[PDB]
Each structure stands twice: as C-alpha cells, then as structure tokens.
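Novice: Numbering (this note's numbering), first residue to last: 28 to 254. Okay, here's the structure, questions in a sec.
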Ligand SMILES: [Mg+2]
Ligand SMILES: [Mg+2]
C-alpha cells in the first residue's frame, strides 16, 4: 500500500514538543531516524528552554509508532503506516499514580521525506515534591507492551498500557496510558484486529552534550497475531 512503502528504508524523524506542567512551560526539539524494517528508532532530544522541569523518562512515550516492525503476516493491521503520508492525530491521557496527569495531542505526518511528530502537552495536578516535579525517577526505561484495538467510529485505533518508571528508592511510579489515534487524510486506513506492540527502550546521554537532553534507542515489534 501507499503508506507502508514510505517506510521500507531509513526515514529521518523530527520531534517538536511544547509543554506546560503545573505552569512550568518548556519546549523540546528532537532529531533522529527510524528503520521500520527492523522496528528501530534512534532519537536525540534537547530541552531548548533550559532545564526540563519533569524527568526525561516521563516524556519517552509522548516523543512515532509508524516505525514499529509489523511482521509481513500482520501488515493488514498496521494503522500507523496506512495513515501516511497525511498522518494521524495521536492523543493520550497519561495518569501518574498518586500524582498528576499529562494530556497530549500530537500530529504525526510527513513533511517532505521527513516524519514529524508535533506535540502539545499539558500537565496538571502534580505534587510539588512528587516523583515527577521532585525529579525522583531513575534515568532508564523498562520494556512494555502497547495493547491496540480498533476505533471504527473515529476511523482509527485506541490503545491502553501501563508504563512503570523506576524510582530512585527502588520503587516504581506507574503511568497509566490511554491513547486514541485518528487519521488526518482521506486515504483508506487499516482498522486492525487486537494486537500489541512489544517495546524496549534504552536511554543514554551524549557525553559531549551540555544542554539538558536525552538519547533514546528503541525497538518495537508488533505481535499477538499468529496468521
Ligand atoms: Mg518489509
Ligand atoms: Mg477477522
């Protein structure tokens, strides 16, 4: 199909986020590339407003599931690529257990040959010395499954999943995710059977980078359907 063919090679990625969390306003710019043939993402993010007022790991899911590797036998379930190049809206509520929430609205689409993720993020109800505003989360990331289901009235999909962020005391900060995606364009899009994305993510630092930043290497494979 038209959309899937845009992802057979390495595709440059740009990410741009504006955020307001409890009145802390910030912006992040990211660059990198994706190779959906291998489910592979490499991205580097820079906070362009100074210090990021929330922990970098809490923004990983917000900062391009069109780069998931869908096995050939699951091609008919890949909503994300099918919406391209016109793109999709991706909205979430991320609920941090016993703390605040993020609401995110993003548009993921091509600008020329570059895949762009533009996000507006709003966070409210955070505790001043909770794990988020108190910066008590470890700089690392666990592997998780993203459970996808069709959302036919929206011509799209929804997803649910639980992210667990390690806390510096050894505990875990749960971030429940609810997600809805809607296509922007008028091409046919794929409405999938239930399945999941199996994600692993590794966070690192650029030793030469003095701005506040995050390097992400991520691998994602679609799964849960045998034929
Ligand atoms: Mg292929
Ligand atoms: Mg069927």
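Beta carbons are placed, not taken as given, at the ideal position from N, Cα and C, and that holds for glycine.
Please report the distance separating the alpha-carbon of residue 97 from that of residue 150.
Specialist: 32 angstroms
Novice: If I measure Cβ to Cβ from residue 223 and keep anything under 7 angstroms in the same chain, skipping five residues before and after, which residues do I get?
Specialist: 172, 173, 174, 175, 250 and 251
Novice: Beta carbon of residue 164, beta carbon of residue 219: below 7 angstroms?
Specialist: no
Novice: With DSSP run on the structure shown, which of helix, strand or coil describes residue 123?
Specialist: strand
Novice: Taking just the CA atoms, how far does residue 31 sit from residue 183?
Specialist: Taken atom to atom, the span from the alpha-carbon of residue 183 to that of residue 31 is near 16 angstroms.
Novice: Taking C-beta to C-beta, are residue 60 and residue 41 nearer than 7 angstroms?
Specialist: no
Novice: Based on Cα-Cα distance, which residue from 112, 155, 157 and 153 lies nearest to residue 138?
Specialist: 112
Novice: Can you find a heavy atom of ligand 1 that lies under 6 angstroms from the Cβ of residue 209?
Specialist: Remark: the C-beta of residue 209 is outside contact range of ligand 1, defined as less than 6 angstroms to any heavy atom.
Novice: Whose C-beta lies closer than 6 angstroms to the C-beta of residue 70 among residues of the same chain, with five residues either side of it excluded?
Specialist: In the same chain as residue 70, and ignoring 5 residues on each side of it, the C-beta atoms closer than 6 angstroms to its own belong to 57, 59 and 243, in chain order.
Novice: Rounded to the nearest angstrom, what separates residue 84 and residue 227 at their Cα positions?
Specialist: 13 angstroms
Novice: Just how far apart, CA to CA, sit residue 95 and residue 246?
Specialist: 8 angstroms
Novice: Could you check the C-alpha separation between residue 109 and residue 216 for me, to the nearest Å?
Specialist: 5 angstroms
Novice: How long is the line joining the alpha carbons of residue 72 and residue 241, rounded to whole angstroms?
Specialist: 5 angstroms
Novice: Is any heavy atom of ligand 1 found at a distance shorter than 6 angstroms from the C-beta of residue 131?
Specialist: no
Novice: Hey, would you say the C-beta of residue 248 is under 6 angstroms away from at least one heavy atom of ligand 1?
Specialist: no
Novice: Within 8 angstroms, do at least three Cβ pairs link the stretch 42 to 53 to the stretch 145 to 162?
Specialist: yes
Novice: What does DSSP give as the partner residues of residue 74 in its beta bridges?
Specialist: 55
Novice: Since residue 228 is in the beta strand (DSSP E), which residue starts that stretch and which ends it?
Specialist: Element bounds for residue 228: 222 to 231.
Novice: For ligand 1, is there any heavy atom lying closer than 6 angstroms to the beta carbon of residue 85?
Specialist: Proximity of the beta carbon of residue 85 to ligand 1 is not indicated: no heavy atom of the ligand is located closer than 6 angstroms.
Novice: Using only CA atoms, which one of 99, 234, 208 and 193 lies nearest to residue 123?
Specialist: 193
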